[PDB]
Each structure stands twice: as C-alpha cells, then as structure tokens.
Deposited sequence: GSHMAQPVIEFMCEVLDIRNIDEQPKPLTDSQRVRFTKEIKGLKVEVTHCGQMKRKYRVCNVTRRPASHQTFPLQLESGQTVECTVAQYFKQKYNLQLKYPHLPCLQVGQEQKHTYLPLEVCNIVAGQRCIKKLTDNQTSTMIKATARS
C-alpha cells in the first residue's frame, strides 16, 4: 500500500499529534524531512483515478499557503487547490514537495501525496 507523505513525515520528525500543533515546521525539521523525502516517488490522491506519479526533487521552504508559481501572473498553491479542485488544504502551514524538472515549478501539498512502493 501507499503511505501518506504526511504520515511518513510524522515518523521522520517523531511527531504523533500532527493535528494538535498547527505550527509550521522548523528549519531543522524541514531539513531532516527533505533528506528523507527527496528522491522518493509519490502518487497524487486528489484526481480520482488519475494517480499521477512524480519524483520528489526537493521540499519548499515556504508553506503551501505562500509558495508561489507562474500561473497563466502568479498564484499561491493553497488558492490553486481551492480554486481548481475546490480543496481547502488541511495543512496550509506545512510545505509543498517540489517535483519533476526543477525549472518547471511543480509544487504538491503534502496532503495529496502518497509514497509509492516499488515493485521489484
């Protein structure tokens, strides 16, 4: 089965009450989490059966609530997911996973992400 990246994170950062503290990650927490999530493959979970797979290439420093990209202007990913998918993010304070070609600015909220299990 696929493990929610949120859960993967809580295991990495040794968090149990993820929803108890709506506090942002510290630089120390972001750095430890990035080392672990970078390089892994994730599958999206907000597009029904179109579970697109991405390669995590980095973690943003800014939270989903502020991370921005070139929108055709520039938009905040939280809005985008509430405007294009009508999804009020549950963790706008946590960062997004940057995926795909660096020079492409694809940011994915942790919420909609599951770690894909390899199948050798």
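Chemist: Missing C-alpha stretches, by deposited numbering?
Modeler: Gaps vs deposited seq, in order: 1 to 3, 76 to 81, 130 to 149.
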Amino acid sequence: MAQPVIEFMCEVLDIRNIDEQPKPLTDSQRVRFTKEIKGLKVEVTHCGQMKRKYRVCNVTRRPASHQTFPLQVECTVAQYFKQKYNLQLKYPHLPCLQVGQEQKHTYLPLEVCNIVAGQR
From here on, numbers count along this sequence of modelled residues.
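Chemist: Do the CA atoms of 27 to 35 or those of 62 to 70 have the higher mean B-factor in the entry?
Modeler: Per the deposited B-factors, the answer is 62 to 70.
Chemist: For the stretches 99 to 107 and 14 to 22, which has the higher mean C-alpha B-factor as given in the deposited record?
Modeler: Per the PDB record, 14 to 22.
Chemist: Just grab whichever of 77, 42, 47, 94 has the top CA B-factor as deposited.
Modeler: Highest CA B-factor of the listed options: 77.
Chemist: Taking only the Cα B-factors deposited for this chain, tell me whether residue 51 sits in the lowest, middle or highest third.
Modeler: It belongs to the middle third of the chain when residues are ordered by C-alpha B-factor.
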